[PDB]
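Note: the block below is work10.cif and it holds mmCIF, N, CA, C and O atoms.
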```cif
data_structure
loop_
_atom_site.group_PDB
_atom_site.id
_atom_site.type_symbol
_atom_site.label_atom_id
_atom_site.label_comp_id
_atom_site.auth_asym_id
_atom_site.auth_seq_id
_atom_site.Cartn_x
_atom_site.Cartn_y
_atom_site.Cartn_z
ATOM 1 N N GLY A 1 -37.249 245.979 2.073
ATOM 2 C CA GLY A 1 -38.709 245.648 2.095
ATOM 3 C C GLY A 1 -39.184 244.914 3.337
ATOM 4 O O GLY A 1 -39.943 245.390 4.149
ATOM 5 N N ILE A 2 -38.680 243.691 3.521
ATOM 6 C CA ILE A 2 -39.071 242.854 4.665
ATOM 7 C C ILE A 2 -38.612 243.503 5.975
ATOM 8 O O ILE A 2 -39.333 243.499 6.969
ATOM 9 N N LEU A 3 -37.462 244.162 5.929
ATOM 10 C CA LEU A 3 -36.917 244.849 7.093
ATOM 11 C C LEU A 3 -37.893 245.946 7.561
ATOM 12 O O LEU A 3 -37.976 246.228 8.746
ATOM 13 N N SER A 4 -38.634 246.557 6.628
ATOM 14 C CA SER A 4 -39.567 247.618 6.966
ATOM 15 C C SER A 4 -40.696 247.082 7.848
ATOM 16 O O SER A 4 -41.191 247.784 8.732
ATOM 17 N N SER A 5 -41.073 245.836 7.653
ATOM 18 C CA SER A 5 -42.089 245.231 8.512
ATOM 19 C C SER A 5 -41.543 245.038 9.933
ATOM 20 O O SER A 5 -42.284 245.177 10.898
ATOM 21 N N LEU A 6 -40.269 244.718 10.051
ATOM 22 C CA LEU A 6 -39.625 244.529 11.362
ATOM 23 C C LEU A 6 -39.494 245.866 12.026
ATOM 24 O O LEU A 6 -39.692 245.998 13.231
ATOM 25 N N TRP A 7 -39.176 246.869 11.229
ATOM 26 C CA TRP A 7 -39.031 248.229 11.728
ATOM 27 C C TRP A 7 -40.362 248.729 12.258
ATOM 28 O O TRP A 7 -40.430 249.306 13.339
ATOM 29 N N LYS A 8 -41.438 248.480 11.519
ATOM 30 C CA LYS A 8 -42.740 248.914 11.996
ATOM 31 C C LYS A 8 -43.182 248.073 13.206
ATOM 32 O O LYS A 8 -43.997 248.548 13.980
ATOM 33 N N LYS A 9 -42.640 246.875 13.385
ATOM 34 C CA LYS A 9 -42.920 246.111 14.601
ATOM 35 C C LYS A 9 -42.291 246.734 15.837
ATOM 36 O O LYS A 9 -42.910 246.771 16.886
ATOM 37 N N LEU A 10 -41.083 247.253 15.744
ATOM 38 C CA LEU A 10 -40.488 247.931 16.907
ATOM 39 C C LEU A 10 -41.191 249.292 17.103
ATOM 40 O O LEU A 10 -41.443 249.734 18.228
ATOM 41 N N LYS A 11 -41.647 249.884 16.015
ATOM 42 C CA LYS A 11 -42.392 251.145 16.074
ATOM 43 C C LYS A 11 -43.732 250.907 16.764
ATOM 44 O O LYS A 11 -44.287 251.793 17.398
ATOM 45 N N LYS A 12 -44.248 249.681 16.627
ATOM 46 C CA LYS A 12 -45.529 249.298 17.247
ATOM 47 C C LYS A 12 -45.457 249.391 18.773
ATOM 48 O O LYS A 12 -46.445 249.717 19.396
ATOM 49 N N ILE A 13 -44.290 249.109 19.332
ATOM 50 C CA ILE A 13 -44.089 249.143 20.782
ATOM 51 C C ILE A 13 -44.096 250.594 21.259
ATOM 52 O O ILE A 13 -44.588 250.903 22.338
ATOM 53 N N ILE A 14 -43.558 251.488 20.429
ATOM 54 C CA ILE A 14 -43.488 252.925 20.759
ATOM 55 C C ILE A 14 -44.903 253.506 20.656
ATOM 56 O O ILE A 14 -45.292 254.370 21.426
ATOM 57 N N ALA A 15 -45.654 253.041 19.662
ATOM 58 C CA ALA A 15 -46.992 253.572 19.336
ATOM 59 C C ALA A 15 -48.119 252.976 20.204
ATOM 60 O O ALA A 15 -49.207 252.706 19.695
ATOM 61 N N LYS A 16 -47.836 252.863 21.524
ATOM 62 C CA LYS A 16 -48.745 252.363 22.604
ATOM 63 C C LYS A 16 -49.245 250.909 22.452
ATOM 64 O O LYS A 16 -50.136 250.560 21.708
#
```
Using the file provided, produce a representation of the structure as structure tokens.
Amino acid sequence: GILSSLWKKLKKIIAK
């Protein structure tokens, strides 16, 4: 669960 927020944070860098 909480890890998914961290994952979407690294995804945020990819997503411009």
From a DSSP pass on the backbone, collect the residues of chain A flagged as alpha helix (DSSP H) and hand them back as a ChimeraX atom specification.
-> /A:2-14
How big is the axis-aligned box, and where does its centre sit, when it encloses all atoms of range 2-8 of chain A listed in the file and has 8 Å added on every side, reported in Å to one decimal as JSON?
```
{"center_x": -40.5, "center_y": 246.1, "center_z": 8.8, "size_x": 23.1, "size_y": 22.5, "size_z": 26.5}
```
One decimal place gives the CA of residue 16 in chain A-atom N of residue 1 in chain A separation as 24.4 Å
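Taking atom O of residue 2 in chain A and atom O of residue 14 in chain A as endpoints, the distance between them is 19.0 Å.
One finds atom O of residue 3 in chain A at 15.7 Å from CA of residue 15 in chain A.
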